[PDB]
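S.K.: Have a look at this one.
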Amino acid sequence: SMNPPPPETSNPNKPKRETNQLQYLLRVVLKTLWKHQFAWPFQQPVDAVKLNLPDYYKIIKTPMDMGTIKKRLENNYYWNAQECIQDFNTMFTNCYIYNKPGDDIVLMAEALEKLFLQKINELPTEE
Ligand SMILES: CCNS(=O)(=O)c1ccc2c(c1)CN(C)C(=O)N2
Ligand SMILES: [K+]
């Protein structure tokens with residue numbers, strides 16, 4: 001029932017780059033999903049205490065959330081776009097694993113994922 005330390009949002013020894021694709025991921029993809037009406041449950045790490053989900057971190061061992069992704073993008077944490085896309089995919093996957101199909105949180109994840117994929121379809125070529 002207690003929360004782990006959140007995922008790191010910086011790591012000085014980790015390698016990183018600024019790419020036009022990562023800029024797009026912050027300016028377009030994250031920004032669009034962040035403002036969505038269903039973004040709120042995904043804007044911070046799952047709080048197992050507040051939300052009374054005492055089993056959450058007994059099941060989900062690779063937690064991820066858009067608050068973490070936002071800070072990673074702001075902090076130039078990533079080496080490439082794929083590392084960031086992976087984080088979004090971990091967040092969605094965790095939600096589908098932990099919750100029941102048709103639960104409100106799943107409908108929210110599914111709407112955010114639809115939008116995510118629409119935005120990723122226009123990801124520019126690396127230039
Ligand atoms: C519709 C959201 N309801 S709630 O905030 O009680 C909630 C209910 C369930 C969860 C979460 C939030 C967050 N989340 C990422 C998750 O997988 N489960
Ligand atoms: K499930």
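FYI the Cβ positions are ideal-geometry reconstructions off the backbone, even for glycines, and counts take in every protein chain you see. FYI, it's all coordinate maths here, none of it is from the lab.
S.K.: Would it be correct to say that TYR98 is of a type in the set (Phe, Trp, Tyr) and within 16 Å of ligand 2 (Cβ to nearest atom)?
M.R.: Numbers: of a type in the set (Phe, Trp, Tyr): yes; within 16 Å of ligand 2 (Cβ to nearest atom): yes.
Taking the combined requirement at face value, the residue satisfies it.
S.K.: Report the residue count in segment 97-114 for those that are exposed (fewer than 15 other Cβ atoms within 10 Å of the Cβ) and either within 16 Å of ligand 1 (Cβ to nearest atom) or part of a loop (DSSP other than H, G, I, E, B) (or both). Before the answer, list the steps.
M.R.: Within segment 97-114, the subset exposed (fewer than 15 other Cβ atoms within 10 Å of the Cβ) is 97, 100-104, 107, 114.
Narrowing further to those that are either within 16 Å of ligand 1 (Cβ to nearest atom) or part of a loop (DSSP other than H, G, I, E, B) (or both): 97, 100-104, 107.
Residues flagged as exposed (fewer than 15 other Cβ atoms within 10 Å of the Cβ) and either within 16 Å of ligand 1 (Cβ to nearest atom) or part of a loop (DSSP other than H, G, I, E, B) (or both) within segment 97-114 amount to 7.
S.K.: State whether one or more residues within segment 55-63 are more than 20 Å from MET2 (Cβ to Cβ) and within 13 Å of the chain's Cα centre (by Cα). Give the derivation first.
M.R.: First pass over segment 55-63, keeping only residues more than 20 Å from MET2 (Cβ to Cβ): none.
Looking for residues that are more than 20 Å from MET2 (Cβ to Cβ) and within 13 Å of the chain's Cα centre (by Cα), one finds none in segment 55-63, hence no.
S.K.: Since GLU18 meets every condition but one in (1) surrounded by fewer than 16 Cβ atoms within 10 Å (Cβ to Cβ); (2) farther than 14 Å from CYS84 by Cα, which condition does it not meet?
M.R.: Only one criterion is unmet by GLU18, namely (2).
S.K.: Can you tell me how many residues in segment 34-91 are closer than 28 Å to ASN13 by Cα, in contact (Cβ under 8 Å) with a residue 60 or more places away in the chain and either part of a loop (DSSP other than H, G, I, E, B) or aliphatic (A, V, I, L, M) (or both)?
M.R.: Residues that pass the stated criteria total 8.
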